[PDB]
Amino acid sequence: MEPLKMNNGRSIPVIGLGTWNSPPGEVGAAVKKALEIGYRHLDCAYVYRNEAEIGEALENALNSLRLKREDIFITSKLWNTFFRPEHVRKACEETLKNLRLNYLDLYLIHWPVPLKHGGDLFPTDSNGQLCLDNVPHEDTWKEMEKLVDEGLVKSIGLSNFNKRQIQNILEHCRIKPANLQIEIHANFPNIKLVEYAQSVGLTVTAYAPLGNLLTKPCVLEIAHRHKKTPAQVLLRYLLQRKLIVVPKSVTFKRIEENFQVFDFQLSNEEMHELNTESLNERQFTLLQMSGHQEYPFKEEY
C-alpha cells in the first residue's frame, strides 16, 4: 500500500528495515536482502556505529539492482553527544559521509536528553553515571532546520520525545517536525502520544514493532484466522493505526516475512482485541538518563 504523506508534501514508505549494532557483516547483508525483497526505506543511526557498512552495502545494491537514489528513503539520527548547535552540522556530514549519500530523506533527534560532547557515545563517570549536558531542544532544532535549508536533509523529526516536548518544538519552530519515532507495539500501544502527534500533523514511526509478543494467544489466533504469521499480524496492527514500521532484523527469513503484510486486513474486532489484551509496559526505558530534566518517560505521555 501507499507511502504516508508528510506535512511537507513528501512521502515516506510505511515499512522500512530497522538496523542496530548487530554482529559484524550482518547489517550489510541485511540491507542487500531487504532491498532485493522490496524494502525501499532504511532506518539508520549514528549511535549503532555501522553506517559505514550500511553505506557500502547500499551503494553496491543500488548498482546491482539498478535502482536510483531517489527510489530509497534513508533515515538517520543525530546522537545525544552532538546536540550542541556548533556540532550538529559536522555530525550530519559525518553520517552522510559514512552512508555515502549527498542527502538524507529524514534526520531525527535521537533523544531529548543531551550528553557531554567530546568522547565516547555514552560519556560515563567512574560512578558509572552518564555525563549529562544541558541544551535547549529549540536550539538544536534551529541547526536541524539549517540542514533542510542547505539541502543536506529533506525532512527533520524527533525520536523519543513526549507530548510536552513536541509542543515546545512546534511552538518555536520555523520548520515543523515531519515525523516522530517512538516505541509502539501490541504490548505498548502508546495511544495518547500517537493520537496527539497525528493530531498536529506529524507522521509516527513505531520502533521495536515486534516488541513475548509473537507468542500471545490472541496474536496466534488472529494469525491463524488470516493464515499469516504472528509477526505479520503484529505489524499489520500498527500499519492499520496509520503508522510506519521499522522492524529490526539481520535474519534473511525474518526480513522477508516482515515484508509480506500488504495482502490482508485485520477486522475492527481483531484490532480491539489486541488493544484490550496489551500489557502494556514500556520495554525501552533508558533509566540511566532518568535524572535529566528532559527525561521523556516520567510524564504520562
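Quick note: we count residues from 1 along the sequence shown, nothing fancier.
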Query raised in the report: Does the deposited sequence hold unmodelled residues between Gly211 and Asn212, and if so, how many: none, 1 to 3, 4 to 9, or 10 or more?
Result: 4 to 9
Requested in this report: Would you mind comparing 117-125 and 214-222 for me and telling me which has the higher average C-alpha temperature factor in the entry?
Outcome: 117-125
Query raised in the report: Comparing 12-20 with 284-292, where is the mean C-alpha B-factor higher?
Result: 284-292
**Report entry** Residue, from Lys242, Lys253, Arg236, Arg40, that the PDB entry assigns the highest Cα B-factor
**Finding:** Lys253
**Report entry** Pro136, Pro230, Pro177, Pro112, ranked by C-alpha B-factor: the highest one
**Finding:** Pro136
Query raised in the report: How does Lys32 rank on Cα B-factor within its chain, lowest, middle or highest third?
Result: middle
Query raised in the report: Comparing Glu195 with the other modelled residues of its chain, is its CA B-factor in the lowest, middle or highest third?
Result: highest
Query - Record-listed C-alpha B factor of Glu183: chain third - result: lowest
Query - Relative C-alpha B-factor of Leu67, binned into the chain's lowest, middle or highest third - result: highest
Query raised in the report: Lowest, middle or highest third: where is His172 by Cα B-factor in its chain?
Result: highest
